[PDB]
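Down below is the structure, laid out as structure tokens.
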Amino acid sequence: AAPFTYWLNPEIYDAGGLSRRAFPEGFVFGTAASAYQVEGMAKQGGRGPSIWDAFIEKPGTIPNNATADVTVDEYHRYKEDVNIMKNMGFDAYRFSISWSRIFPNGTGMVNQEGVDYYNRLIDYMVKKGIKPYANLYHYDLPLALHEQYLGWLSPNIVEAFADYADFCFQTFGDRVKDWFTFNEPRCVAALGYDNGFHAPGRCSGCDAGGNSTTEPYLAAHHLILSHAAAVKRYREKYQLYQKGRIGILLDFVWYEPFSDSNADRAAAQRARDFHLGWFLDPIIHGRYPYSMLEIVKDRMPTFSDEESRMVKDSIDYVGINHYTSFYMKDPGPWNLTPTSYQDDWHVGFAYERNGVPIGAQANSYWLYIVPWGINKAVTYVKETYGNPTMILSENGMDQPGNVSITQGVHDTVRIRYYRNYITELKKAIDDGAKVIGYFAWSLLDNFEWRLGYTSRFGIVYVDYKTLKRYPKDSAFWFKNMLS
Ligand SMILES: OC[C@H]1CNC[C@@H](O)[C@@H]1O
């Protein structure tokens, strides 16, 4: 790389008063990734196709028609990556298991080569002293199950998932003591079934078909039941003997009332219900949020008393993926003709107040830099859900894909992001929030779904021509902060 790559950024040594002592005893610091975004070997090693494999095939889906067939190729360079995490001082790694790498068809025949890969990765993490946190699902439904019965839209998916989870618990549970069923089921449901932005690409307008008024809610209901069923397998068959824990990863945008008026306040609350409460109300209270039931009515499925009891308290902790915040306005009189899940919120967004932007924007269209939002978000969870045990399970920001190694590694905006968000998180914790861990998204620049390689979330720069890794200033900022 050009000589400027190796300039020593003094920001690295500015920890803003953060250290392991500033956090609770045994607090875990990690990084997070997912199978599809980092593994490569998409069509190799016995892996069956997922809905993203099919979705990507349609031209124009991913910028420059890029694929995740190789991506950053962690399938082969997992040792190097784990070595980087260790060298940077991280305690843990949240990865995901590809359902279709284990069961090419989703059910039945186990792909042993796939199992051997996860076994290698986990064994090496353990050997290096990195704690494995395993997520079972991160957007990668086996295509076969979508072909058979439309995947998440069928109640058949529930036991298919439980069986898959069950297998993972018995295969990997002797060393994996921390499990998650789903990463961001809200996004699976909304992006997958409301606006068709993610695989399977369904919505009211969409080429693949769909109905934005009903399918997101059906998907979500089955994801909640699938989660509950997986957790039941774990609790009844494995947990007492393996002595691990299980939870779920929920994305949570902070919604701030645009003003102190009752309408704006109620607008902010309604967005929280539709975004987070959709999933966390069932899990903590056994029921869907009140606003949702009243607005969506018959377009939302109902739990039986038996399902409600299975879902309630079906976590040992909750992962909160948090990045950003928006202002929320009452939008005025509601039009009540069913349009979409997003429209069902009946809120207006705002990104500035008194000519002042809520924060600077990162590369991603949705990502505003608002450190105080993490404090509000976590405090909200503490106060609303009975102070649950929490993991701050994703946090980070992106640069554009079109930067060189030389400029890409000097990501001082990212140092600032982490310093400020972690600082705001520390305050929430200091004020009583039972946060037990924090995970940065992500170790490496990787395949960023619809944005492909036009977005760089890593604290480590990856040259996509050579797949060489170059730690950014933010990686060294962590190494210094954590030592
Ligand atoms: O886009 C940022 C990240 C949000 N959470 C899930 C990840 O797949 C994603 O890269």
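We label chains A, B, ... in the order they appear in the structure tokens, count residues from 1 in each chain, and number ligands from 1 in the order shown.
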Discussion item. Ligand 1: which residues are within 8 Å, counting only C-alpha atoms and all ligand atoms? Reply as a ChimeraX atom specification.
Written reply: /A:33-34,37,138-139,183-184,251,321,364,394,396-397,441-442,447-449,457
For the residues selected in the previous step, produce a file with N, CA, C and O atoms as a PDB file, in the first residue's frame.
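Listed below is the output, part_24.pdb:
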ATOM      1  N   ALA A  33     -20.323 -11.032  12.733  1.00  0.00           N
ATOM      2  CA  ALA A  33     -20.432 -11.211  11.289  1.00  0.00           C
ATOM      3  C   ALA A  33     -21.589 -12.162  11.007  1.00  0.00           C
ATOM      4  O   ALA A  33     -22.289 -12.567  11.933  1.00  0.00           O
ATOM      5  N   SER A  34     -21.793 -12.519   9.739  1.00  0.00           N
ATOM      6  CA  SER A  34     -22.732 -13.593   9.396  1.00  0.00           C
ATOM      7  C   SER A  34     -22.155 -14.521   8.327  1.00  0.00           C
ATOM      8  O   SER A  34     -21.250 -14.144   7.580  1.00  0.00           O
ATOM      9  N   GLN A  37     -22.280 -13.237   4.601  1.00  0.00           N
ATOM     10  CA  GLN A  37     -21.529 -12.031   4.320  1.00  0.00           C
ATOM     11  C   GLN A  37     -20.022 -12.255   4.284  1.00  0.00           C
ATOM     12  O   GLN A  37     -19.310 -11.528   3.592  1.00  0.00           O
ATOM     13  N   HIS A 138     -29.325 -15.970   9.809  1.00  0.00           N
ATOM     14  CA  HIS A 138     -29.044 -14.596   9.407  1.00  0.00           C
ATOM     15  C   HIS A 138     -29.370 -14.413   7.929  1.00  0.00           C
ATOM     16  O   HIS A 138     -28.484 -14.382   7.087  1.00  0.00           O
ATOM     17  N   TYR A 139     -30.666 -14.329   7.640  1.00  0.00           N
ATOM     18  CA  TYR A 139     -31.247 -14.052   6.301  1.00  0.00           C
ATOM     19  C   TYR A 139     -31.133 -15.155   5.253  1.00  0.00           C
ATOM     20  O   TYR A 139     -31.482 -14.932   4.100  1.00  0.00           O
ATOM     21  N   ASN A 183     -31.143 -13.341  13.810  1.00  0.00           N
ATOM     22  CA  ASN A 183     -30.667 -11.975  13.729  1.00  0.00           C
ATOM     23  C   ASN A 183     -31.722 -11.110  13.048  1.00  0.00           C
ATOM     24  O   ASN A 183     -32.057 -11.334  11.889  1.00  0.00           O
ATOM     25  N   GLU A 184     -32.261 -10.144  13.789  1.00  0.00           N
ATOM     26  CA  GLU A 184     -33.175  -9.151  13.234  1.00  0.00           C
ATOM     27  C   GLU A 184     -34.365  -9.759  12.471  1.00  0.00           C
ATOM     28  O   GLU A 184     -34.537  -9.514  11.278  1.00  0.00           O
ATOM     29  N   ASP A 251     -33.096  -5.765  16.157  1.00  0.00           N
ATOM     30  CA  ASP A 251     -32.668  -4.430  15.791  1.00  0.00           C
ATOM     31  C   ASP A 251     -33.593  -3.409  16.444  1.00  0.00           C
ATOM     32  O   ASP A 251     -34.805  -3.646  16.604  1.00  0.00           O
ATOM     33  N   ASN A 321     -29.378  -4.933  18.571  1.00  0.00           N
ATOM     34  CA  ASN A 321     -28.555  -4.390  17.492  1.00  0.00           C
ATOM     35  C   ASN A 321     -28.963  -2.932  17.349  1.00  0.00           C
ATOM     36  O   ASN A 321     -30.110  -2.658  17.053  1.00  0.00           O
ATOM     37  N   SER A 364     -24.271   4.461   4.477  1.00  0.00           N
ATOM     38  CA  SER A 364     -25.627   3.878   4.344  1.00  0.00           C
ATOM     39  C   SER A 364     -26.735   4.918   4.504  1.00  0.00           C
ATOM     40  O   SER A 364     -26.700   5.720   5.441  1.00  0.00           O
ATOM     41  N   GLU A 394     -24.787  -5.540  18.111  1.00  0.00           N
ATOM     42  CA  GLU A 394     -24.222  -4.964  16.875  1.00  0.00           C
ATOM     43  C   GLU A 394     -24.197  -3.456  17.029  1.00  0.00           C
ATOM     44  O   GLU A 394     -25.164  -2.867  17.510  1.00  0.00           O
ATOM     45  N   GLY A 396     -21.955  -0.058  14.807  1.00  0.00           N
ATOM     46  CA  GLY A 396     -20.899   0.245  13.855  1.00  0.00           C
ATOM     47  C   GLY A 396     -21.355   1.210  12.784  1.00  0.00           C
ATOM     48  O   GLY A 396     -22.489   1.681  12.806  1.00  0.00           O
ATOM     49  N   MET A 397     -20.468   1.504  11.841  1.00  0.00           N
ATOM     50  CA  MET A 397     -20.818   2.373  10.740  1.00  0.00           C
ATOM     51  C   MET A 397     -20.016   2.070   9.473  1.00  0.00           C
ATOM     52  O   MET A 397     -18.993   1.365   9.509  1.00  0.00           O
ATOM     53  N   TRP A 441     -20.084  -4.353  14.816  1.00  0.00           N
ATOM     54  CA  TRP A 441     -20.286  -4.786  13.443  1.00  0.00           C
ATOM     55  C   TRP A 441     -19.375  -3.920  12.552  1.00  0.00           C
ATOM     56  O   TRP A 441     -19.578  -2.714  12.473  1.00  0.00           O
ATOM     57  N   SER A 442     -18.369  -4.483  11.882  1.00  0.00           N
ATOM     58  CA  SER A 442     -18.002  -5.894  11.844  1.00  0.00           C
ATOM     59  C   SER A 442     -16.461  -5.950  11.875  1.00  0.00           C
ATOM     60  O   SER A 442     -15.806  -4.903  11.772  1.00  0.00           O
ATOM     61  N   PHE A 447     -19.738  -8.367   2.373  1.00  0.00           N
ATOM     62  CA  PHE A 447     -20.855  -8.260   1.436  1.00  0.00           C
ATOM     63  C   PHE A 447     -22.050  -7.672   2.193  1.00  0.00           C
ATOM     64  O   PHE A 447     -22.580  -8.291   3.118  1.00  0.00           O
ATOM     65  N   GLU A 448     -22.451  -6.468   1.803  1.00  0.00           N
ATOM     66  CA  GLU A 448     -23.434  -5.724   2.557  1.00  0.00           C
ATOM     67  C   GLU A 448     -24.818  -5.775   1.883  1.00  0.00           C
ATOM     68  O   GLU A 448     -25.416  -4.748   1.537  1.00  0.00           O
ATOM     69  N   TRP A 449     -25.298  -7.010   1.709  1.00  0.00           N
ATOM     70  CA  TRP A 449     -26.607  -7.332   1.100  1.00  0.00           C
ATOM     71  C   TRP A 449     -26.890  -6.556  -0.193  1.00  0.00           C
ATOM     72  O   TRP A 449     -26.110  -6.671  -1.140  1.00  0.00           O
ATOM     73  N   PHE A 457     -18.143  -1.723   6.412  1.00  0.00           N
ATOM     74  CA  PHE A 457     -18.460  -1.677   7.859  1.00  0.00           C
ATOM     75  C   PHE A 457     -17.317  -2.132   8.777  1.00  0.00           C
ATOM     76  O   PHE A 457     -17.413  -2.022  10.004  1.00  0.00           O
TER      77      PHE A 457
END
Excluding residue 428 (chain A) and any residue of its chain fewer than 3 positions from it, enumerate the residues within 8 Å of it, using only C-alpha atoms, and give them as a PDB file with N, CA and C atoms, in the first residue's frame.
ATOM      1  N   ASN A 375     -27.964   5.306  24.390  1.00  0.00           N
ATOM      2  CA  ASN A 375     -28.295   5.443  25.815  1.00  0.00           C
ATOM      3  C   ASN A 375     -29.808   5.356  26.002  1.00  0.00           C
ATOM      4  N   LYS A 376     -30.537   6.157  25.232  1.00  0.00           N
ATOM      5  CA  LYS A 376     -31.990   6.127  25.258  1.00  0.00           C
ATOM      6  C   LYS A 376     -32.549   4.734  24.960  1.00  0.00           C
ATOM      7  N   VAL A 378     -31.202   1.573  25.163  1.00  0.00           N
ATOM      8  CA  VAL A 378     -30.916   0.617  26.237  1.00  0.00           C
ATOM      9  C   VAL A 378     -31.685   0.925  27.528  1.00  0.00           C
ATOM     10  N   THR A 379     -31.795   2.203  27.874  1.00  0.00           N
ATOM     11  CA  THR A 379     -32.588   2.621  29.031  1.00  0.00           C
ATOM     12  C   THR A 379     -34.069   2.283  28.837  1.00  0.00           C
ATOM     13  N   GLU A 424     -21.765   6.527  25.682  1.00  0.00           N
ATOM     14  CA  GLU A 424     -23.192   6.613  25.968  1.00  0.00           C
ATOM     15  C   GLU A 424     -23.763   5.301  26.525  1.00  0.00           C
ATOM     16  N   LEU A 425     -23.280   4.182  25.993  1.00  0.00           N
ATOM     17  CA  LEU A 425     -23.643   2.873  26.510  1.00  0.00           C
ATOM     18  C   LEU A 425     -23.191   2.690  27.977  1.00  0.00           C
ATOM     19  N   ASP A 431     -26.172   3.470  35.061  1.00  0.00           N
ATOM     20  CA  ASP A 431     -27.491   3.819  35.604  1.00  0.00           C
ATOM     21  C   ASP A 431     -28.443   2.621  35.785  1.00  0.00           C
ATOM     22  N   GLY A 432     -27.883   1.412  35.743  1.00  0.00           N
ATOM     23  CA  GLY A 432     -28.610   0.200  36.108  1.00  0.00           C
ATOM     24  C   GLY A 432     -28.923  -0.834  35.030  1.00  0.00           C
ATOM     25  N   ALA A 433     -28.569  -0.563  33.778  1.00  0.00           N
ATOM     26  CA  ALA A 433     -28.912  -1.484  32.681  1.00  0.00           C
ATOM     27  C   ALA A 433     -28.008  -2.701  32.686  1.00  0.00           C
TER      28      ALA A 433
END
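Of the listed residues (A:87, A:44, A:393, A:384), A:87 comes nearest to residue 478 (chain A); the distances count only C-alpha atoms.
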Fill in: Residue among A:348, A:54, A:288, A:450 lying closest to residue 331 (chain A), counting only C-alpha atoms
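The shortest atom-to-atom distance to residue 331 (chain A) comes from A:348.
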Discussion item. Could you list, as a PyMOL selection string, every residue within 6 Å of region 254-259 of chain A, counting only C-alpha atoms and ignoring same-chain residues fewer than 4 positions away?
Written reply: chain A and resi 264-265+268+325-329+373+377
Just the selected residues (C-alpha atoms), exported as a compact mmCIF listing (two decimals), in the first residue's frame, please.
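To be explicit, this is the file written out as again28.txt:
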# COMPACT_ATOMS: atom_id res chain seq x y z
CA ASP A 264 -45.38 13.32 18.83
CA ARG A 265 -44.65 11.31 22.02
CA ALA A 268 -42.45 7.77 18.90
CA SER A 325 -31.94 7.34 15.73
CA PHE A 326 -34.63 9.48 14.08
CA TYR A 327 -37.09 12.18 15.15
CA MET A 328 -40.72 11.11 15.11
CA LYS A 329 -43.77 13.30 14.31
CA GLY A 373 -29.61 7.22 20.93
CA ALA A 377 -32.50 2.76 23.50
Discussion item. Please list as number ranges by chain every residue within 9 Å of region 231-235 of chain A, counting only C-alpha atoms and excluding residues in the same chain fewer than 3 positions away.
Written reply: A: 162-163, 165-166, 169, 181, 226-228, 238-240, 245-247, 310-311, 314-315
Worksheet entry | Members of region 58-106 of chain A assigned strand (DSSP E or B) by DSSP, as an MDAnalysis selection string | chainID A and resid 92:96
Worksheet entry | Nearest to residue 196 (chain A) by atom-to-atom distance, counting only C-alpha atoms, from A:216, A:400, A:371, A:289 |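 For residue 196 (chain A), the nearest of the given residues is A:216.
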Discussion item. Between CA of residue 161 (chain A) and CA of residue 141 (chain A), what distance in Å does the model show, to one decimal?
Written reply: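 Separation between CA of residue 161 (chain A) and CA of residue 141 (chain A): 9.7 Å.
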Fill in: Proximity to residue 344 (chain A) - best of A:395, A:135, A:302, A:214, only C-alpha atoms
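Ranking A:395, A:135, A:302, A:214 by distance to residue 344 (chain A), first place goes to A:214.
Near residue 208 (chain A), within a cut-off of 12 Å and counting only C-alpha atoms, sit the residues residues 51, 54, 55, 58, 146, 150, 192, 193, 195, 196, 197, 198, 199, 200, 201, 202 and 203 of chain A, with same-chain residues fewer than 5 positions away left out.
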Once you have the residues from the selection above, write them out as a PDB file, in the first residue's frame, restricted to N, CA, C and O atoms.
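Listing of selection-v1.pdb after writing:
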ATOM      1  N   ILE A  51     -32.290 -18.534  -0.345  1.00  0.00           N
ATOM      2  CA  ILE A  51     -33.097 -17.517  -1.026  1.00  0.00           C
ATOM      3  C   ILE A  51     -32.262 -16.349  -1.560  1.00  0.00           C
ATOM      4  O   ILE A  51     -32.643 -15.720  -2.547  1.00  0.00           O
ATOM      5  N   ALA A  54     -30.696 -17.282  -5.012  1.00  0.00           N
ATOM      6  CA  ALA A  54     -31.669 -17.061  -6.084  1.00  0.00           C
ATOM      7  C   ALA A  54     -31.930 -15.583  -6.328  1.00  0.00           C
ATOM      8  O   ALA A  54     -32.013 -15.155  -7.474  1.00  0.00           O
ATOM      9  N   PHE A  55     -32.052 -14.811  -5.250  1.00  0.00           N
ATOM     10  CA  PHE A  55     -32.399 -13.384  -5.307  1.00  0.00           C
ATOM     11  C   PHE A  55     -31.339 -12.569  -6.047  1.00  0.00           C
ATOM     12  O   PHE A  55     -31.655 -11.675  -6.832  1.00  0.00           O
ATOM     13  N   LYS A  58     -31.142 -12.514 -10.216  1.00  0.00           N
ATOM     14  CA  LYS A  58     -31.851 -11.511 -11.007  1.00  0.00           C
ATOM     15  C   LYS A  58     -30.927 -10.323 -11.237  1.00  0.00           C
ATOM     16  O   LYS A  58     -30.348  -9.795 -10.286  1.00  0.00           O
ATOM     17  N   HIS A 146     -38.409 -22.535   0.767  1.00  0.00           N
ATOM     18  CA  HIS A 146     -39.153 -21.497   0.076  1.00  0.00           C
ATOM     19  C   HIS A 146     -39.866 -22.051  -1.179  1.00  0.00           C
ATOM     20  O   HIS A 146     -40.985 -21.625  -1.504  1.00  0.00           O
ATOM     21  N   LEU A 150     -43.326 -21.705   0.537  1.00  0.00           N
ATOM     22  CA  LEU A 150     -43.042 -20.272   0.781  1.00  0.00           C
ATOM     23  C   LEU A 150     -42.396 -19.948   2.149  1.00  0.00           C
ATOM     24  O   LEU A 150     -42.696 -18.914   2.755  1.00  0.00           O
ATOM     25  N   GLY A 192     -38.014  -8.633   3.628  1.00  0.00           N
ATOM     26  CA  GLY A 192     -38.360  -9.810   2.851  1.00  0.00           C
ATOM     27  C   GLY A 192     -39.778  -9.833   2.297  1.00  0.00           C
ATOM     28  O   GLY A 192     -40.012 -10.409   1.228  1.00  0.00           O
ATOM     29  N   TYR A 193     -40.726  -9.228   3.019  1.00  0.00           N
ATOM     30  CA  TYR A 193     -42.153  -9.418   2.722  1.00  0.00           C
ATOM     31  C   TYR A 193     -42.984  -8.132   2.630  1.00  0.00           C
ATOM     32  O   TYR A 193     -44.124  -8.170   2.173  1.00  0.00           O
ATOM     33  N   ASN A 195     -41.470  -4.701   1.555  1.00  0.00           N
ATOM     34  CA  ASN A 195     -41.008  -3.910   0.413  1.00  0.00           C
ATOM     35  C   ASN A 195     -40.157  -4.728  -0.568  1.00  0.00           C
ATOM     36  O   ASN A 195     -39.703  -4.209  -1.584  1.00  0.00           O
ATOM     37  N   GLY A 196     -39.956  -6.009  -0.253  1.00  0.00           N
ATOM     38  CA  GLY A 196     -39.233  -6.937  -1.137  1.00  0.00           C
ATOM     39  C   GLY A 196     -37.782  -6.562  -1.395  1.00  0.00           C
ATOM     40  O   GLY A 196     -37.158  -7.063  -2.337  1.00  0.00           O
ATOM     41  N   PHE A 197     -37.242  -5.689  -0.545  1.00  0.00           N
ATOM     42  CA  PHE A 197     -35.859  -5.198  -0.674  1.00  0.00           C
ATOM     43  C   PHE A 197     -34.817  -6.304  -0.439  1.00  0.00           C
ATOM     44  O   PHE A 197     -33.782  -6.332  -1.088  1.00  0.00           O
ATOM     45  N   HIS A 198     -35.120  -7.229   0.466  1.00  0.00           N
ATOM     46  CA  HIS A 198     -34.296  -8.419   0.677  1.00  0.00           C
ATOM     47  C   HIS A 198     -34.996  -9.681   0.154  1.00  0.00           C
ATOM     48  O   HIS A 198     -36.197  -9.663  -0.118  1.00  0.00           O
ATOM     49  N   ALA A 199     -34.249 -10.775   0.029  1.00  0.00           N
ATOM     50  CA  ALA A 199     -34.823 -12.072  -0.312  1.00  0.00           C
ATOM     51  C   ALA A 199     -35.904 -12.469   0.723  1.00  0.00           C
ATOM     52  O   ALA A 199     -35.775 -12.142   1.905  1.00  0.00           O
ATOM     53  N   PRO A 200     -36.985 -13.152   0.287  1.00  0.00           N
ATOM     54  CA  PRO A 200     -37.321 -13.633  -1.060  1.00  0.00           C
ATOM     55  C   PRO A 200     -37.839 -12.551  -2.012  1.00  0.00           C
ATOM     56  O   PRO A 200     -38.286 -12.871  -3.109  1.00  0.00           O
ATOM     57  N   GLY A 201     -37.799 -11.293  -1.594  1.00  0.00           N
ATOM     58  CA  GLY A 201     -38.172 -10.189  -2.469  1.00  0.00           C
ATOM     59  C   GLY A 201     -39.657 -10.020  -2.707  1.00  0.00           C
ATOM     60  O   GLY A 201     -40.057  -9.543  -3.764  1.00  0.00           O
ATOM     61  N   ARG A 202     -40.480 -10.393  -1.728  1.00  0.00           N
ATOM     62  CA  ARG A 202     -41.933 -10.316  -1.885  1.00  0.00           C
ATOM     63  C   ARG A 202     -42.508  -9.003  -1.349  1.00  0.00           C
ATOM     64  O   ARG A 202     -42.001  -8.443  -0.378  1.00  0.00           O
ATOM     65  N   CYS A 203     -43.569  -8.532  -2.005  1.00  0.00           N
ATOM     66  CA  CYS A 203     -44.343  -7.364  -1.588  1.00  0.00           C
ATOM     67  C   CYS A 203     -45.549  -7.179  -2.514  1.00  0.00           C
ATOM     68  O   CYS A 203     -45.677  -7.892  -3.507  1.00  0.00           O
TER      69      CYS A 203
END
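Residue neighbourhood of residue 403 (chain A), excluding near-sequence residues (fewer than 6 positions): residues 363, 409, 410, 411, 445, 453, 454, 455, 456, 461, 462, 463 and 464 of chain A, at 12 Å, using only C-alpha atoms.
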Discussion item. Please determine, counting only C-alpha atoms, which residue among A:79, A:382, A:186, A:472 has the shortest atom-to-atom distance to residue 219 (chain A).
Written reply: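 Once distances to residue 219 (chain A) are computed over only C-alpha atoms, the minimum belongs to A:186.
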